[PDB]
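Engineer: Attaching a single structure in structure tokens format; questions to follow.
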Amino acid sequence: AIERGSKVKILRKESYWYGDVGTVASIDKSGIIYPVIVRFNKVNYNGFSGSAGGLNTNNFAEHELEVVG
């Protein structure tokens with residue numbers, strides 16, 4: 001299903017938020033492998049090069065997210 005603003009348990013092995021749950025923000029109808037951008041209260045600020053800081057939203061495919069509600 002993957003609704004908007006629903007609780008989705010991230011199932012990405014190599015991921016800073018694997019095993020946690022992010023708030024779905026919006027899906028992308030482009031065709032990439034991770035068009036669904038999820039939300040995460042967590043933030044990043046440890047060695048992030050010289051371009052912006054903290055991600056806040058990660059990328060995940062439909063089958064990569066486990067919408068539980």
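Identifiers in the structure tokens: chain A, B, ... in order shown; residue index from 1 per chain; ligand index from 1 in order shown.
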May I have all residues of segment 7-40 of chain A that DSSP, computed from the backbone, assigns to strand (DSSP E), given as a list in words?
Structural biologist: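 Selecting the strand (DSSP E) positions of segment 7-40 of chain A gives residues 7, 8, 9, 10, 21, 22, 23, 24, 25, 26, 36, 37, 38 and 39 of chain A.
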Engineer: For segment 56-62 of chain A, find every residue with an atom within 8 Å (counting only C-alpha atoms), except residues of its own chain fewer than 3 positions away, and show them as a PyMOL selection string.
Structural biologist: chain A and resi 2+10+12+33-44+65
Engineer: Tell me which of A:67, A:54, A:32, A:48 sits closest to residue 20 of chain A, counting only C-alpha atoms.
Structural biologist: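 Using only C-alpha atoms, the shortest distance to residue 20 of chain A belongs to A:67.
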Engineer: When you look at residue 7 of chain A with a cut-off of 9 Å (counting only C-alpha atoms), what residues show up, excluding the ones that are within fewer than 2 positions of it in the same chain? I need them as a list in words.
Structural biologist: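 Using only C-alpha atoms, the neighbours found are residues 2, 3, 4, 5, 9, 21, 22, 23, 24, 66, 67, 68 and 69 of chain A.
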Engineer: Pick the closest to residue 8 of chain A from A:45, A:30, A:51, A:64: which is it, counting only C-alpha atoms?
Structural biologist: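 Among A:45, A:30, A:51, A:64, it is A:64 that comes nearest to residue 8 of chain A.
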Engineer: From the set A:28, A:1, A:17, A:11, which residue has the shortest atom-to-atom contact distance to residue 55 of chain A, counting only C-alpha atoms?
Structural biologist: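 Smallest separation from residue 55 of chain A among the options: A:17.
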